[PDB]
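These notes are about the structure you will find just below.
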Amino acid sequence: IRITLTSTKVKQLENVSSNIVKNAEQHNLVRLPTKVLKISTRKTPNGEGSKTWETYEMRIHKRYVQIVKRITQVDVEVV
Amino acid sequence: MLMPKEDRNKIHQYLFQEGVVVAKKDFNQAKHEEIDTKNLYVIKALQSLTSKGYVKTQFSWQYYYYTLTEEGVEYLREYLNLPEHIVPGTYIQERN
Amino acid sequence: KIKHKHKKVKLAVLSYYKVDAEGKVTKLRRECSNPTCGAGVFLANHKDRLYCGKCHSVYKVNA
Amino acid sequence: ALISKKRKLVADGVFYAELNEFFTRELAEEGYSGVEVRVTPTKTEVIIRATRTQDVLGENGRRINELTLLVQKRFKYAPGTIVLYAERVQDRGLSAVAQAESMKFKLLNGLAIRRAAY
Amino acid sequence: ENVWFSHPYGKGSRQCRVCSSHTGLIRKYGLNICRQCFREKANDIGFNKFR
RNA sequence: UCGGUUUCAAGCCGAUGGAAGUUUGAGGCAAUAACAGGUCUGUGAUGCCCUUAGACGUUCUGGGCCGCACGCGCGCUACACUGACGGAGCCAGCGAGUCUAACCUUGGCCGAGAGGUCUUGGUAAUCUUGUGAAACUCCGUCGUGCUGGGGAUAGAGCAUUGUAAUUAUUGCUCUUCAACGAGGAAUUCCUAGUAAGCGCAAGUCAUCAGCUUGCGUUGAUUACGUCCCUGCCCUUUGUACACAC
RNA sequence: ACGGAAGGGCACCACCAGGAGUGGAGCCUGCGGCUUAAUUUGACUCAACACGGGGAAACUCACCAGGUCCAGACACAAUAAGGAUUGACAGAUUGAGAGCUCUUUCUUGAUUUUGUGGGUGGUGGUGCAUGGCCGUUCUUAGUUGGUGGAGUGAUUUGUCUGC
Ligand SMILES: [Mg+2]
Ligand SMILES: [Mg+2]
Ligand SMILES: [Mg+2]
Ligand SMILES: [Mg+2]
Ligand SMILES: [Mg+2]
Ligand SMILES: [Mg+2]
Ligand SMILES: [Mg+2]
Ligand SMILES: [Mg+2]
Ligand SMILES: [Mg+2]
Ligand SMILES: [Mg+2]
Ligand SMILES: [Mg+2]
Ligand SMILES: [Mg+2]
Ligand SMILES: [Mg+2]
Ligand SMILES: [Mg+2]
Ligand SMILES: [Mg+2]
Ligand SMILES: [Mg+2]
Ligand SMILES: [Mg+2]
Ligand SMILES: [Zn+2]
Ligand SMILES: [Zn+2]
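Right under this line is the structure:
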C-alpha cells in the first residue's frame, strides 16, 4: 500500500494520519512542505488614495487486501 | 421571436421531461451544451416562457437557471399535445 | 435619408400549375437534384438559371 | 481532471463560492445559513444549513429533486453523484448571515427601521 | 448574418465569472474573478489574510 | 539573574548569561465620531433622469486613446580608471507550470545571433531547477581627452508573436554615435542584514517591462538626540470663530 | 475649533548627524496644455499625476468615420391560410464573399410582422440621491454608557496633580 493525502486545514488532515498509523497495527502488523498560494492585489475597488496592497494566502499541507478496501471509508487519494 | 414552430417546441419535451435548464449567458454561443439549438434560442424561448408564467428563473454568476411551475403542467397541453397528467417531470423517474 | 423595409412581393400565392382539360396535373418549371427538394419544392426561375426555393445554399440544378 | 492540487483547491472553493452565492441568491427568502461540501468518496454531499427547512421537498419530493438535477446540469455532474443533504442550522440566532436576510425581508414589508432593527 | 460575431483570445475572450467584466481579471490558478469580485468572495474560496 | 537606580512603587539604566533582551525583528487585526473624500468605468448592486430601431442597445470594418512650439509628477539609463570590455571563476531565495489540452521545457543536432528542430521529463519537495541570476571574484586589454565613457537618433538586413506589426510589438546583425564633463533655488526617502548597489520570480501576458507585489545576493556611512522647521497628542488659557483662522 | 498663548509629551510621511538621491542631460511612463474626425474618461496637497491594478495594435472601448442585427420578453387591437412572416444563387452593390436597399419570383409556415402599450439593455448622467468597498482625518491613543457627585441649563465628573 501507499497513500498520499492533502487538505488545507491541518486537524482533520492529521486525524487520518494518526487514524492510519493505528490501522497500521490493525492485526499487530507493519510531511511535505506546506504550499502557500499568494494572491496580492489592491484594497481599493477603484483607484483612489494611498496605494495599498494586500496579500491573501491558501495553505496546502500534504503528507504520506480485504482490510485495504475498508480503510478509505479532507482530500482522500491512494495508489 | 423568429423561430418557427419546429423550434419553440424543438424542446416542448426537455422542459416537461427533464424539468430544468442551464444556459451560461452567451448570445451567439449558437450551440447549447445539452440541447440542439442556438443557446440564444433556449434563453429567448425561456424568456417568452417565464414572462407568461409557467416557469421561473434565477441568475447566480452568469448561468441563467430555469425552473417550471405547476402552471406549466397544464400549459403543456394546448400545443404540447400530451395525455393529461399521464406523466410529469419530478414524478417517479429514478427515485420518486 | 432613413433606411427602408422589405417588399417581399407576395403575389396571389403560388402563381403557376396548369389544368389541362378539367383536368390533370400538367406541371410547369423544374425540380432540383435532391430529396431536400423532395417534390415539396419545384425550382425558381429568376434569370440565367432555375435556382431552388428551399435549397437556396447549394444545388443550382439546370436542364 | 488532470489538475495540480493547487488549481483544483482554488477551483474547489470557487465551486463552493458560486454554490453559496447561488444558494443565497436563490433561497434567502426561505432562510439559509451556509453550505457544507463534504469531499467524500463516491457522492459529493452538499449539506445545506437552513433555518426553515421544508422549503426543499415541495410536492413531498418536488423541490430538492428540482435542485439536485439543477446543480449537476450547470456543473456537468452525471446524475446521482450530487447528494443534496438538507440539514437545519445550528441555533439560527447564531448566524448573522441568516438574520440579515431575516431583516431584509422584514423591512421589505414596510416595518419601521428602528422597529425591525431593534 | 454570419458577419455578426465574426471576430475573436486576449482581453475580449476573458471575463470575471461573476460580472462579465473584462477588466482587472485575476487568473492566477485560473479562478478568473475581478480583483474587486475576488476580494468579496475570497473569504470562502479558501484565501484568508494572515500577514 | 546580579548590580546601579529609584522617590514606597510602576519602571528605567548597566552586565553576565542566551539562538534570541528596540513590545526580540517584521507584519495581520484594529475603536467612537466624521469627509458631501474617491468609486454608478467591477458587479446580473442600485433611486431618479436620459436613450430604446436612423438606438447611447449590440455587432462588424477601419482610425484614436501613443498625435507635438511647451510646463510638471513617478522612473530607466549615464557622465566613467572603486571604470568599460574580453576571457575566467562561480554563489541564492520567493515562486509559477498541460486533457473537452498544446503550460513550464532539459538533452540531442542546425544557426554568428535572434531563433529553428526531432525527441524528453513534470499536474510538479520528483521534472524544467543547484533555476550555474546579476552585482560580485581571479587574469588581461585600454589611458584622460567626450575616449574603447555614453547609447539617444537614424539607415540596411535577418528572425519571433499574431487574422492583421504601417504610426518601427518585441528579439538579433552591422552601421550612425546626440545631450550628458556630476545637476540652481528647491525637494523625497531612510536608523540594521537597514540605506544604497545587484539581479530573480509572480501579477500583467498572444507578443511587449523602463511599472508594481515579493524574494534573496553584496552590504556601509550616521544618529540611539532635540522641539528649530513641518507636525500629532494632553492639560491650562483667550476668542467678536460655529460654513469653526 | 482656532491662537505669530503657556505647561508637559511624541514622530526620519519632522528636523538634527549623514547616507542614497530627485530637481539639470537622454529616453521610459503618467498629468496638464496645444493639436484633432476623435485624440473616450475618472482623479488635482498631503490623501490626483508607472494611480483606476490603466503595460490600449484587433478585442479591450467608453471616443471618431461608416455598415448589420434585435438578442423589441408577455397582453391587446391588426395582419392571416383565395399568403402573416421569414429567406436567398448572381449582378447592380459595397471595405467586404452582405440579398442592409433595389432588379429578380422563388422560398418559408403562425413561429412575427404593422401598431398602441409595455419591456429590456445601456463603460449614457447624477459619488451632491444610495448600498458595498476604499482612502483620509489618525499610526496616533483615543471613545462611550450605568449609577451616584456638581450645575436652572447646554454640560460636566468618571476620562486626574506628579511620576
Ligand atoms: Mg481608525
Ligand atoms: Mg465631491
Ligand atoms: Mg448606470
Ligand atoms: Mg492612456
Ligand atoms: Mg507617484
Ligand atoms: Mg560602451
Ligand atoms: Mg567583468
Ligand atoms: Mg518632507
Ligand atoms: Mg501598471
Ligand atoms: Mg530628469
Ligand atoms: Mg498623513
Ligand atoms: Mg480599438
Ligand atoms: Mg471597433
Ligand atoms: Mg457601449
Ligand atoms: Mg462621497
Ligand atoms: Mg448623573
Ligand atoms: Mg469627559
Ligand atoms: Zn434544391
Ligand atoms: Zn467581478
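Chains as they are written, first to last, in our numbering: chain A, 9 to 87; chain B, 2 to 97; chain C, 532 to 594; chain D, 28 to 145; chain E, -18 to 32. All C-beta atoms in this analysis are idealised placements derived from N, C-alpha and C, irrespective of residue type, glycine included.
Quick one: is the Cβ of residue i within less than 6 Å of any heavy atom of ligand 19?
{"i": "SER2 of chain E", "result": "yes"}
{"i": "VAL540 of chain C", "result": "no"}
{"i": "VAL(-1) of chain E", "result": "yes"}
For residue i, name the three-state secondary structure that DSSP assigns.
{"i": "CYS0 of chain E", "result": "coil"}
{"i": "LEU84 of chain D", "result": "coil"}
{"i": "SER15 of chain A", "result": "strand"}
{"i": "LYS70 of chain A", "result": "strand"}
{"i": "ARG16 of chain E", "result": "helix"}
{"i": "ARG96 of chain B", "result": "coil"}
{"i": "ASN29 of chain E", "result": "strand"}
{"i": "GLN30 of chain B", "result": "coil"}
{"i": "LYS538 of chain C", "result": "coil"}
{"i": "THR51 of chain B", "result": "helix"}
{"i": "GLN126 of chain D", "result": "helix"}
{"i": "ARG119 of chain D", "result": "helix"}
{"i": "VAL56 of chain B", "result": "strand"}
{"i": "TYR590 of chain C", "result": "coil"}
{"i": "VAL82 of chain A", "result": "coil"}
Along the alpha helix (DSSP H) that carries residue i, what are the first and last residues, could you check?
{"i": "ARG34 of chain D", "result": "32 to 54"}
{"i": "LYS46 of chain A", "result": "First-last for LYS46 of chain A: 43 to 50, but that is the beta strand (DSSP E), not the alpha helix (DSSP H)."}
{"i": "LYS77 of chain A", "result": "74 to 77"}
{"i": "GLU93 of chain D", "result": "91 to 102"}
{"i": "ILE140 of chain D", "result": "140 to 144"}
{"i": "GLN18 of chain B", "result": "15 to 18"}
Check for me: the beta strand (DSSP E) holding residue i runs from which residue to which?
{"i": "residue 119 of chain B", "result": "Coverage of chain B is limited to positions 2 through 97, which leaves residue 119 of chain B absent and any answer about it impossible."}
{"i": "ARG65 of chain D", "result": "62 to 65"}
{"i": "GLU72 of chain D", "result": "71 to 75"}
Hey, is residue i close to ligand 18, as in C-beta under 6 Å from one of its heavy atoms?
{"i": "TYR590 of chain C", "result": "yes"}
{"i": "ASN565 of chain C", "result": "yes"}
Discussion item. Whether or not the stretch 35 to 52 of chain A and the stretch 61 to 70 of chain A are in contact is what I'm after, with contact meaning three or more pairs of Cβ atoms, one per stretch, closer than 8 Å; do they touch?
Written reply: yes
Fill in: Cβ contact check for the stretch 67 to 78 of chain A and the stretch 36 to 48 of chain A: 3 or more pairs under 8 Å
yes
Item to complete: Give a yes or no on contact between the stretch 13 to 31 of chain A and the stretch 75 to 84 of chain A, applying the rule of three or more CB pairs nearer than 8 Å.
Response: yes
Worksheet item: Is it true that the stretch 40 to 49 of chain D meets the stretch 54 to 65 of chain B, where meeting means three or more beta-carbon pairs spaced less than 8 Å apart?
Response: yes
Worksheet item: Just checking, does the stretch 13 to 23 of chain B make contact with the stretch 93 to 102 of chain D on the three C-beta pairs under 8 Å criterion?
Response: yes
Worksheet item: Quick check: the stretch 66 to 79 of chain D against the stretch 78 to 89 of chain B, are there 3 or more CB pairs under 8 Å?
Response: no
Discussion item. Under 8 Å, with one C-beta from each stretch per pair, do the stretch 33 to 43 of chain D and the stretch 4 to 24 of chain E reach the 3-pair mark?
Written reply: yes
Item to complete: Assess, as a yes-or-no matter, whether the stretch 24 to 34 of chain B is touched by the stretch 66 to 73 of chain D under the definition of 3 or more beta carbon pairs within less than 8 Å.
Response: no
Discussion item. Between the stretch 549 to 565 of chain C and the stretch 581 to 588 of chain C, can you find at least three pairs of beta-carbon atoms closer than 8 Å?
Written reply: yes
Worksheet item: Between the stretch 67 to 79 of chain B and the stretch 49 to 58 of chain B, do at least 3 Cβ pairs fall closer than 8 Å?
Response: yes
Practice prompt. Could you tell me whether the stretch -18 to -5 of chain E touches the stretch 128 to 143 of chain D, where touching means 3 or more Cβ pairs closer than 8 Å?
Written response: no
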